[PDB]
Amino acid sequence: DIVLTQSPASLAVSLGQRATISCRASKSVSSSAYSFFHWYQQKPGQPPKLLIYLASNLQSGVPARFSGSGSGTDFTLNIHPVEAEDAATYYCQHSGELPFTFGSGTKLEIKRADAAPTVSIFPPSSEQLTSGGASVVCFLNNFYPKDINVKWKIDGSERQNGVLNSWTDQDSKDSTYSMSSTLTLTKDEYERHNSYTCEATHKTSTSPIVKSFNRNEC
């Protein structure tokens, strides 16, 4: 097998700056060979899109800012200038002798100005309550960088048990991330406590951004 080693696994670049993604191949045997390279861009919920064919030739439709190069085993993808829509994962591929193989993948973080999360808490729905369970949801939207932390507080106490978190892929238009945290208690213990805090620590702020709700406002 021609086994492709991609590097880096991830990098972060500013709008307009240069991005370089490398791909290595082990060499194979027979003179009856003829093997080629190709690069693919894959965005969030989408099939990968062919960018460059045979190492260095450009594809119809993809902008002048994608270029490829390389000799023998070493191959490179260049993105300059980098634009917000380039936030994706990139794969190299080999096409000659079977099997066709893909590289490990390389994720492009678009580096962009620091930005605070817009956070919002939500009490459990009256409907879920009807069936013995209670979920309290917190939204920490449109922040940068990806790094964030959410602390749940039930009255004056910290609560780590039924906490479920979820992150979006970097946004394609602005370059932000969003997170969602769901604390899932039973109805019984939702009812025997009153104060509900969603506490968000992030780079943009020295003190935790706090949203709360008291159970006494239906």
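Numbering starts at 1 and runs along the sequence shown.
As listed in the deposited structure, the average C-alpha B-factor of 60 to 68 and of 40 to 48 is greater for 60 to 68. Two stretches are in play, 5 to 13 and 195 to 203, and the higher mean C-alpha B-factor belongs to 195 to 203. Among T130, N142, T101, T89, the highest C-alpha B-factor in the deposited entry belongs to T130. When the C-alpha B factors of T73, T106, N78, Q93 are read from the deposited coordinates, the top value falls at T73. For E189, the recorded CA B-factor ranks within the highest third of the chain. Only modelled residues enter the ranking.
Sort the chain's modelled residues by C-alpha temperature factor and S181 lands in the middle third, per the entry. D174: CA B factor in the middle third of modelled residues in this chain (values from the PDB entry). In the deposited entry, the Cα temperature factor of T168 sits in the bottom third of values across the chain's modelled residues.
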